[PDB]
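Single-letter residue listing:
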Amino acid sequence: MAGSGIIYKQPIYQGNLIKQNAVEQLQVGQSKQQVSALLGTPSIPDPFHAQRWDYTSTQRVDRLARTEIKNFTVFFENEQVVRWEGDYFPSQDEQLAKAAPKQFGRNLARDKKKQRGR
């Protein structure tokens, strides 16, 4: 097939795809394997009661420093997604010399808690 799909991006950044307004904005309560495949990580295939991903995951999609680091605590029933708590790169703030007037040391609108414990 004629199709050279050269997707060159290393996502080694504290709030770009991982947490600017994209993983909070998606708002999907549907599948465990879909949210972990779209981020870039395995999931939990139990057919009884497949509950939370509360783990320090890591993906070697970088080639400059080390890895894209995923401390992402996300709660599941078996497939359906309840809530997600993202301390993955835990300071989302370029306090740094950049051509952008960014007077706000947290690049994201909200958390992702709902009305439910687990």
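How each quantity is defined
Entry numbering is not used for residues: they are numbered from 1 along each chain in the order the sequence is written, which may differ from it, and residues without coordinates are omitted. Side-chain calculation: all heavy atoms of the structure are included, whereas hydrogens and water are not. Relative accessibility under 20% of the residue-type maximum defines a buried residue, over 50% an exposed one, and the middle range a partly exposed one, all with a 1.4 Å probe and only protein chains included. A run of DSSP states H or I qualifies as a helix once it reaches four residues; a run of E qualifies as a strand once it reaches two. Both are numbered from the N-terminal end. Two strands qualify as a pair provided that DSSP identifies no fewer than 2 bridges between them. In this tally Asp and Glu are treated as negative and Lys and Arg as positive; neither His nor the chain ends contributes. By definition, a salt bridge exists where a carboxyl oxygen of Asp or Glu is found within 4 Å of a side-chain nitrogen of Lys or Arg. Pairs of residues are marked as contacts when any of their non-hydrogen atoms sit within 4.5 Å.

The name that the PDB entry assigns to the protein is Outer membrane protein, with the source organism given as Xanthomonas axonopodis pv. citri. Per the PDB header, the title for this entry is "NMR Solution Structure of OmlA".

Glancing now at the pairing of strand β2 (residues 68-76). Most of β2 is tucked away, with seven of its nine residues classed as buried. Examined bridge by bridge, strand β1 (residues 53-59) and β2 share seven bridges and lie antiparallel to one another. Residue pairing for β2: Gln59 is matched across the bridge by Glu68. Where β2 lies against strand β3 (residues 81-86), five bridges are found, and the strand directions are antiparallel. Directly across from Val74, in β3, lies its bridge partner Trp84. Taking the residues that link successive antiparallel strands as the turn, the β2-β3 hairpin has four residues.

Looking at the secondary structure, you find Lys32 in helix α1 (residues 32-39). One buried charge, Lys32, has no salt-bridge partner; the nearest side chain with opposite charge is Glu79, at 4.3 Å. Contacts of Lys32, omitting those with residues within four sequence positions, involve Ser43, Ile44, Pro45, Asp46, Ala50, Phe76, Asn78 and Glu79.

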